[PDB]
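>>> Give me coordinates for this.
(chains A, B, C, D, E and F)
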Amino acid sequence: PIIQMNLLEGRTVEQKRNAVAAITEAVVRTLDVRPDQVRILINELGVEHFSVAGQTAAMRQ
Amino acid sequence: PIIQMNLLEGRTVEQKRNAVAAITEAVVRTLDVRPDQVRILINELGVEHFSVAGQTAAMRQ
Amino acid sequence: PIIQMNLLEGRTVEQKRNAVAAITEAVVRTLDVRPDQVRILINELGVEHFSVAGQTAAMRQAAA
Amino acid sequence: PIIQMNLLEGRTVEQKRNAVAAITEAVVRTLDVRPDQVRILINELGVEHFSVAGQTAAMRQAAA
Amino acid sequence: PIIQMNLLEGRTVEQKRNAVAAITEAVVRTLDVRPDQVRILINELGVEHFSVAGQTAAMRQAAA
Amino acid sequence: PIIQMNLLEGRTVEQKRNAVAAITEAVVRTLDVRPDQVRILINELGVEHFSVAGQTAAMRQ
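Numbering: from 1, shown residues only, chains lettered A, B, ... in the order given. See the structure here:
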């Protein structure tokens, strides 16, 4: 499995590392694949680069 | 709907904000969904990170 | 600009065609690009293939 | 967070549903977001549409 | 490297297999990575699901 | 064809340019499309933004 995770900027390296560990463990358990078959790509989005209902995260904040 | 928009770097915050408003309004009208069901992710591409016919934007410029 | 639009399955061709025209003109106007620089790719998602808060759109429809 | 998961074809609905719940709760816990902020999109790949080292999963299965 | 290739529908398996081999070797040579570090995912687009200048490939074929 | 290439940060402009040329040539030959029908988008990933088996590239290094 190849997982792309888009999330807002602001997260510390610890939190990104905890997330890729935990999501890998979830995929390995639920789909019964090996850890090395799970790749995660993190795309961080600037607060002007993510919108809901036509307002960016910056505007909502 | 979840919309990912890849566009070249260089645009001002106003222009990104105008684009996410206008695209949201288009999706809301044409598909009859609520504004909060429309999410837009902007991926900005560096001029060496986008190519047409094997030349990057930088080279074309 | 290259736009990927992910939608749940089931929309009529007319609505997809109207969205593609409306999104294109939104991008042309707000980003000052020509129409031929605007490409949209539509990815339809089956109801078993989209989730919010850990429930798929299929299960959410089923529960209603 | 918006998560796209690309999987080879053929998994049972139950496994997809368990993955979607497990991934969501992994993201909620580690990223301190609510469940309703977590969307997952699943893209299934046909065996002719995924390759490692220049051979498709179809050809790799065929060779075994 | 992970490569997603979005193509219009309709290509023969042989052409997809030749593209996957040729793209992989292009990446190996120019990026100095091993073949097993190169994955390609192919996404086929229906003609109603791809547009240039606000017209879908279906409508563009229809008009010709 | 529209190609998105995700690769780890660290590559020089020459190497990115050589890659988009070579991949374009491959697509043009194998699929018999024109060069201007091939667009490549490069997404560079930070070493904390790519994982295999639940470890980021940074951790593996």
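>>> At the contact with chain B, which residues of chain A appear?
Along chain A, the residues adjacent to chain B under the rule CB under 8 Å from any CB of the partner chain are A:6, A:43, A:45-46, A:48-56, A:58-59. For every residue, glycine as well, the C-beta is placed using N, CA and C.
>>> can we see that at 6 Å?
Neighbours of chain B within chain A, by CB under 6 Å from any CB of the partner chain: A:6, A:45, A:48, A:49, A:50, A:51, A:52, A:53, A:54.
>>> check contacts around residue A:1.
A:27, A:38, D:5, D:7 (CB atoms under 6 Å, 6 or more residues apart in numbering or on different chains).
>>> try residue A:4
Residue A:4 makes contact with A:41, D:4 under the criterion CB under 6 Å, 6+ apart.
>>> try residue A:36
Contacts for residue A:36 were tallied using CB under 6 Å, 6+ apart; they are F:52, F:53.
>>> try 10 Å this time
Counting by CB atoms under 10 Å, 6 or more residues apart in numbering or on different chains, residue A:36 touches A:24, A:28, F:52, F:53, F:54, F:55.
>>> ok, now residue A:37?
Here residue A:37 is in contact with A:1, A:2, A:24, A:27, A:28, A:31, D:8, D:52, F:52, F:53 (criterion: CB under 10 Å, 6+ apart).
>>> surely the second one meets residue A:33?
No - Residue A:2 is not in contact with residue A:33 according to CB atoms under 10 Å; the separation is 11.3 Å.
>>> higher neighbour count, the two?
residue A:2 (20 against 15; other CB atoms under 10 Å in any protein chain shown).
>>> Ramachandran coordinates for the more buried one?
Dihedral pair for residue A:2: phi -120, psi 120, per degrees, to the nearest 10.
>>> ditto for residue A:45
Torsion angles, degrees, to the nearest 10, at residue A:45: phi -110, psi 130.
>>> Excluding covalently adjacent residues, which one is nearest to residue A:44?
Counting by CB to CB, 6 or more residues apart in numbering or on different chains, residue A:9 is the residue found nearest to residue A:44 once chain neighbours are left out, at 4.9 Å.
>>> mind listing the helices for chain A?
With DSSP state H as the criterion, chain A has helices at A:13-31, A:57-60.
>>> quick one, which of these is packed in tightest?
Per residue and on average, the most neighbours among the helices of chain A fall to helix A:13-31, with a mean of 19 (mean count of other CB atoms under 10 Å in any protein chain shown).
>>> Residue A:27 reaches residue F:54, doesn't it?
Yes - here residue A:27 lies in contact with residue F:54, judged by CB under 10 Å, at a distance of 9.2 Å.
>>> shared neighbours, these two?
A:35, A:38, A:40.
>>> how much space is there between residue A:15 and chain B?
20 Å (CB to the nearest CB, to the nearest Å).
>>> Now do the contacts for that residue.
A:7, D:30, D:31, D:32 are the contacts of residue A:15 under CB under 10 Å, 6+ apart.
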